[PDB]
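Q: just the structure for this:
(chains A, B and C, ligands or ions: 15)
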Amino acid sequence: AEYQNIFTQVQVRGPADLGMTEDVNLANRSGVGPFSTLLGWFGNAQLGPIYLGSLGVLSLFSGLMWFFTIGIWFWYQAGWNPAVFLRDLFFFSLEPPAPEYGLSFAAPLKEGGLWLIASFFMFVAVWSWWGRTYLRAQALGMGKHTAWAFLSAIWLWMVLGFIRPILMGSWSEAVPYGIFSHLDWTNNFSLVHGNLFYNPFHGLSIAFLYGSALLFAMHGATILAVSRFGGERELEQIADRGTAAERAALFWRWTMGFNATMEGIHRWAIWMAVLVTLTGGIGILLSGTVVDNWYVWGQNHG
Amino acid sequence: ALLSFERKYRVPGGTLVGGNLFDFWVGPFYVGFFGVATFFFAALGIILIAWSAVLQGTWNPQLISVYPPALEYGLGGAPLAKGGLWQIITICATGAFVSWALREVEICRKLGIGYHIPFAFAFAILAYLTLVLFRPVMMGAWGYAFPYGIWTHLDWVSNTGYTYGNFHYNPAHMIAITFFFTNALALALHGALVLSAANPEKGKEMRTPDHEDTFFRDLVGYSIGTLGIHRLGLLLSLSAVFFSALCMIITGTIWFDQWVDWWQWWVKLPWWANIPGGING
Amino acid sequence: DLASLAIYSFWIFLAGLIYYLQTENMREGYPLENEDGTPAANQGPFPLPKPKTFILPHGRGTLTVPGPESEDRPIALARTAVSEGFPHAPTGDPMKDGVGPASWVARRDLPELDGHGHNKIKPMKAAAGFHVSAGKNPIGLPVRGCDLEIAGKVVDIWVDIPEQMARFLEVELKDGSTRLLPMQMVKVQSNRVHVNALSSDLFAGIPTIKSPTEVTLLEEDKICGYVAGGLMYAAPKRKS
Ligand code: BCL
Ligand code: BCL
Ligand code: BCL
Ligand SMILES: CC[C@H]1c2cc3[nH]c4c(c3C)C(=O)[C@H](C(=O)OC)c4c3nc(cc4[nH]c(cc(n2)[C@@H]1C)c(C(C)=O)c4C)[C@@H](C)[C@@H]3CCC(=O)OC/C=C(\C)CCC[C@H](C)CCC[C@H](C)CCCC(C)C
Ligand SMILES: CC[C@H]1c2cc3[nH]c4c(c3C)C(=O)[C@H](C(=O)OC)c4c3nc(cc4[nH]c(cc(n2)[C@@H]1C)c(C(C)=O)c4C)[C@@H](C)[C@@H]3CCC(=O)OC/C=C(\C)CCC[C@H](C)CCC[C@H](C)CCCC(C)C
Ligand SMILES: COC(C)(C)C(=O)C/C=C(\C)CC/C=C(\C)CC/C=C(\C)CCCC/C(C)=C/CC[C@H](C)CC/C=C(\C)CCC=C(C)C
Ligand SMILES: CCCCCCCCCCCC[N+](C)(C)[O-]
Ligand SMILES: CCCCCCCCCCCC[N+](C)(C)[O-]
Ligand SMILES: CCCCCCCCCCCC[N+](C)(C)[O-]
Ligand SMILES: CCCCCCCCCCCC[N+](C)(C)[O-]
Ligand SMILES: CCCCCCCCCCCC[N+](C)(C)[O-]
Ligand SMILES: CCCCCCCCCCCC[N+](C)(C)[O-]
Ligand SMILES: [Fe+3]
Ligand SMILES: [K+]
Ligand code: NA
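A: Numbering: from 1, shown residues only, chains lettered A, B, ... in the order given. Ligands and ions are numbered 1, 2, ... in the order given. And now the structure:
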């Protein structure tokens, strides 16, 4: 049975790695957390340290407040009965205001006002988390690729809960907070707009979502297949190409007639994934603002 | 033409079938016995689609569609224009896919690399075969398989899902989706991380993997590391396709009612089924 | 119609993105070459991108790509046919000559450095604070090759300091010298380390390193290529 490098055979540990310093404010870094031998069978064993400046505390505070606002509504719906809470957990739902309230904030607490409070908390949590992704890269002198990619996911989120409701004229267009209820909303959105399978941006979003699994399967398998030549040390393979990077390239050249580089495959990777939510957010934003029925639109445009 | 570094790798050997008979290249493409096989299977399958197009009537890619035999034919043969062309094309497609995978294995052996890539491709093949072979056979008719047409196979997705209500409620389908979304999240992060290290702020030196671990520890308190992230991408993507095949092989076989109703087994558990209040009480 | 303009704009953006991505992935290995090393006539429809320069840390210099490609080493292979596209036969011992699946690249003959400027990979005995933390400790185990004969004994683990993982096993041979074995090419068992890639008689030919406490990128490529080469070239000695 040849070894396949899926699970580590021998873990080694040394002094806890406190990380690179560059321009990072070291006062705002925690200490290192525990070591997880469990994780170490697959990835790194070390937990922490984490950086928690003011923006991080704000974002984590909003995020929990958003989560707690939903959960307090769930407890109310459960009649404060813990057995009811666990039984119906996926069935509870904190729903936005009804259409009559439009974009107003006048809706009663139990009739959309609580949804608006939870959503406000979510807005602050996500955008301040976005600033964290920019600032932690800046402190380390690194490119801003993570923050730009994150902005692509934020795009779809902003469209679903904020931009599209505003353009449609009411908060009732937004997604409710609940496991089953937001699935119902998703199915309903498609029926009300004449089947999203006719939305060309929805079909592109699927191509890139399938494509992301294809590509990460390809790339993840390729790196493991050349990890016997240090393949996963990708930054140094970029700086000084080794036989790992050459064999990886030639597997794909010989298979499909073209190939990537150790750097360029990460540009395919970032764009494949980023275009999922980029095209997806366009497809949603166009739905009901400009196109009421994708079936009808397709009869006239192709 | 060869990549500048390529000639040293183009040595004899590694074939699984045929010795040195097909051990050669056509431009960039390696051939081998399974390259010949792939070409044969894919050529005939495309020929039959070009043919099965006119027995249907058209030559537009958005309308050509090779439908399988109607359910009345069961698991038996069917006249060419009435579903037999679909059956032969499906055999060709399986032949082309499996031959492609085995040609990948030969390429792996010649390059001295591990077999991870064709192993991963085999998951996609098995998902394909679940929809066109394993599920129809368990349900008793090729007609449950999907048609080969750009827009018609979407029709089949919609018709099949809505046979069971909102297909969102299939629990294996929920797991499959979680892996698809998480995989795309992991792909964005991985691509962005390596690139942010290799392309730092202007005039700065390339960062190291140490900076990569540090960025993610600063961000979320953990870094899976450069080996682990590639294990992860492979595992998330294969897991998604595994649960995709799983969510379909069980649908219309062991579960055939509306998937939303499956979740009653939880609601009707003895110790809370009849407590008043909430949504289901 | 706004949607129809958006989808038309998008396909144009996507064509430009694919052009950019493909040209970005030509910063290595291009221009294409004939089997004799001269520039090939057909380069494809994509032109080489404008060069970029990577600034390497710790005074290691820079890398500008695309740039003049050269193998910087002799390649002991010869044609087996009178036309293009056929395999090239090793002119000597391909494991010793480093061709085929035994190939190596002339990477820099310096060790990779961590972010502080220290050697990334060190023998564990020289790595302060580092120890086996889980799994079977291989140090002390006999090493068995694919001929089912014992080729030596593990005397240390070479560890990646900044990433905290095992990268090589240091194996001592019958004559008292050691070799590095890639960690991804050995199977640690309860009573042995088994190495499918190499027969016992080929362990002596594993390329040696110059310094006992560090390994250079060039040395790692020669070690890893050699061991992987045995999968093809040691098959006459691989039992079962
Ligand atoms: C997987 C679950 C469902 C299904 C659900 C959906 C849904 C829902 C959608 C698609 C979409 C598409 N699917 Mg489908 N699809 C299925 C099975 C298949 C099979 C197959 C042999 O099993 C194939 C080849 C395709 C192919 C396709 C494309 C026409 C399109 C974009 C996919 C993509 O980029 O993926 C990622 C892969 C890549 C990026 C790599 C490149 C792949 C190329 C584009 C495949 C082209 C195939 C060609 C058109 C037909 C065969 C050509 C032969 C030479 C004869 N589907 C099954 C039945 N598929 C989308 C669309 O727009 O449809 C109109 C869409 O919205
Ligand atoms: C019956 C249901 C309808 C339908 C209705 C919809 C609707 C409605 C939508 C989609 C959308 C999508 N659909 Mg569809 N869809 C159907 C059929 C399919 C089929 C199929 C095989 O049949 C497939 C493969 C897909 C696939 C897809 C995706 C390509 C796309 C979502 C991308 C994504 O990553 O979102 C997941 C990613 C996000 C939501 C981004 C989230 C970003 C934020 C910032 C994260 C916040 C985190 C928060 C703070 C919580 C923190 C947690 C703790 C930290 C742990 N659909 C049918 C026709 N589909 C979306 C789209 O783009 O359509 C164009 C969409 O809105
Ligand atoms: C109205 C429709 C229903 C519904 C009904 C269905 C049905 C029905 C099915 C799915 C399936 C899936 N659905 Mg659903 N689905 C809905 C809503 C969604 C939403 C959403 C956001 O609402 C999402 C994200 C999903 C997600 C998914 C995935 C879990 C899965 C598709 C991927 C897959 O199977 O790949 C597996 C990959 C393949 C099959 C590809 C195989 C490729 C082969 C091996 C090679 C092709 C080579 C090619 C021919 C080469 C061409 C030449 C080259 C291009 C040169 N569904 C709604 C509720 N869904 C499908 C599934 O699980 O299938 C198993 C399925 O059948
Ligand atoms: C480009 C498309 C893909 C994408 C990209 C993407 N997402 C990103 C990024 C990128 C590039 C980031 O950089 C960023 C990140 O940091 O990732 C690590 C992020 C991220 N994407 C996330 C989620 C996410 N992404 C998704 C999807 C995608 N992300 C796309 C497929 C999805 C879905 C629905 O598919 C989700 C759910 C987060 C992990 C992170 C953004 C984090 C954020 O905004 O956080 C703000 C909230 C908080 C800081 C706190 C929230 C508190 C929690 C609700 C927990 C409550 C439980 C806790 C245990 C409470 C205790 C209670 C008990 C006592 C009961
Ligand atoms: C398992 C994880 C993901 C995965 C992995 C994966 N796919 C892979 C690999 C891997 C690891 C490869 O190595 C291999 C490859 O070479 O990629 C470049 C491949 C590949 N995955 C591909 C496609 C693909 N993968 C997909 C999905 C996935 N691939 C998963 C999400 C999808 C979809 C729909 O999600 C598609 C379309 C190809 C690019 C390639 C395999 C190419 C191949 O087999 O070539 C030989 C066959 C031909 C050249 C043509 C055969 C033609 C047929 C005889 C006739 C047509 C029949 C067909 C049923 C018609 C369908 C019509 C449609 C409109 C429905
Ligand atoms: C044990 O119980 C306790 C109390 C401990 C708990 O805490 C239990 C907690 C729970 C049970 C939590 C349960 C939470 C869920 C089930 C969450 C489910 C949420 C989803 C499935 C989200 C789906 C999509 C959500 C979207 C798309 C949100 C979009 C948000 C908007 C973009 C934000 C827009 C902002 C607005 C409208 C406010 C505008 C006002 C301004 C001032 C700007
Ligand atoms: C995404 C996984 C999140 C894991 C979070 C781990 C945080 C580690 C911080 C622990 C702090 C240790 N100490 C001693 C300072 O308390
Ligand atoms: C928050 C405390 C910070 C350091 C604690 C480290 C915990 C590591 C525990 C040893 C791991 C070995 N074990 C027993 C899990 O196998
Ligand atoms: C902390 C929340 C920040 C304000 C944004 C959301 C406004 C909440 C509106 C709730 C409505 C309350 N009231 C009295 C009108 O019923
Ligand atoms: C960065 C990777 C580029 C891959 C591009 C994939 C193109 C898939 C085309 C699917 C067609 C979708 N649609 C809506 C037109 O039907
Ligand atoms: C765009 C989705 C499907 C694309 C079809 C396959 C792309 C062709 C890539 C093969 C090119 C190999 N080539 C020409 C260099 O030899
Ligand atoms: C969507 C993925 C397919 C994109 C096709 C990319 C270009 C393939 C042809 C590259 C040519 C290789 N060549 C001959 C220049 O070496
Ligand atoms: Fe990578
Ligand atoms: K030590
Ligand atoms: Na050359």
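Q: isn't there a helix covering residue A:223?
A: Yes: per DSSP: H, G, I helix; E, B strand; the rest coil, residue A:223 lies within a helix segment.
Q: next, count neighbours for residue B:254.
A: 8 (other C-beta atoms under 10 Å in any protein chain shown). Backbone N, C-alpha and C define where each C-beta goes, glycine included.
Q: now it. Its backbone dihedrals?
A: Residue B:254 adopts backbone torsions of phi -80, psi -20, taken as degrees, to the nearest 10.
Q: gap between it and ligand 5?
A: 24 Å (C-beta to the nearest ligand atom, to the nearest Å).
Q: helix, strand, or coil at the most centrally placed residue in chain C?
A: Centroid-nearest residue in chain C: residue C:221, 4.5 Å away (criterion: C-alpha atoms, centre = their mean). What three-state DSSP gives for residue C:221 is helix.
Q: tell me the contacts of residue B:196?
A: Going by C-beta atoms under 8 Å, 6 or more residues apart in numbering or on different chains, residue B:196 touches A:137, A:142, A:143, A:144, A:145, A:146, B:207, B:215.
Q: tell me how far it lies from ligand 8.
A: 28 Å.
Q: not counting its neighbours along the chain, what's nearest that residue?
A: Distance criterion C-beta to C-beta, 6 or more residues apart in numbering or on different chains; nearest residue to residue B:196, sequence neighbours excluded, is residue A:143 at 3.9 Å.
Q: got phi/psi on that neighbour?
A: phi -60, psi 160.
Q: got the domain ranges for chain B?
A: B:1-163, B:164-263 (curated CATH domains).
Q: give me the distance between the two termini of the first one.
A: Taking C-alpha to C-alpha, to the nearest Å as the measure, domain B:1-163 stretches 53 Å from start to finish.
Q: please see if that domain touches ligand 10.
A: No: residues of domain B:1-163 are not located near ligand 10 by C-beta under 6 Å from any ligand atom, the shortest gap being 7.5 Å.
Q: quick one: that domain near ligand 12?
A: No: counting by C-beta under 6 Å from any ligand atom, ligand 12 is not contacted by domain B:1-163; separation bottoms out at 6.6 Å.
Q: if we can go back for a sec, please identify which of the contacts of residue B:196 is nearest to residue C:136.
A: residue B:215 (33.3 Å; C-beta to C-beta).
Q: wait, the closest one sits on residue A:140?
A: Yes: Residue B:215 is within contact range of residue A:140, at 5.7 Å (criterion: C-beta atoms under 8 Å).
Q: tally up the residues packed near the residue in chain C that ligand 14 sits nearest to, please.
A: Per C-beta to the ion, residue C:130 is where chain C lies closest to ligand 14, at 4.4 Å. Residues near residue C:130, counting by other C-beta under 10 Å, number 21.
Q: from ligand 1, how far off is the closest residue to it other than its chain neighbours?
A: Distances taken as C-beta to C-beta, 6+ apart place residue A:14 nearest to residue C:130, at 3.8 Å, with adjacent residues excluded. Separation of residue A:14 from ligand 1 (C-beta to the nearest ligand atom) stands at 42 Å.
Q: next one: residue A:20
A: 36 Å.
Q: burial check on that residue, number of neighbours?
A: By other C-beta under 10 Å, neighbour count at residue A:20 equals 24.
Q: can you classify it as helix, strand or coil?
A: coil.
Q: so who does it touch?
A: A:140, B:208, B:210, B:211, B:214, C:115.
Q: could you list which of those belong to strands?
A: For these, not one is inside strands, with DSSP state E as the criterion.
Q: pretty sure the residue nearest to residue B:196 sits against residue B:204.
A: No: between residue A:143 and residue B:204 there is no contact, the gap being 9.3 Å when judged by C-beta under 8 Å.
Q: which of these two has more neighbours?
A: Set residue A:143 next to residue B:204 and count neighbours by other C-beta under 10 Å: residue A:143 wins out with 23 against 15.
Q: and the strands in chain B, which stretches?
A: B:25-26, B:29-30.
Q: so who does the residue nearest the centre of chain A touch?
A: For chain A, residue A:153 is the residue whose C-alpha lies nearest the centre (C-alpha atoms, centre = their mean; 5.8 Å). Counting by C-beta under 8 Å, 6+ apart, residue A:153 touches A:277, B:185, B:188.
Q: what sits against the residue in chain C positioned nearest to ligand 15?
A: With C-beta to the ion as the measure, residue C:37 is the residue of chain C nearest to ligand 15, at 4.5 Å. Shown in contact with residue C:37 (C-beta under 8 Å, 6+ apart): residue B:7.
Q: next one: residue B:38
A: B:96, B:99, B:100, B:103.
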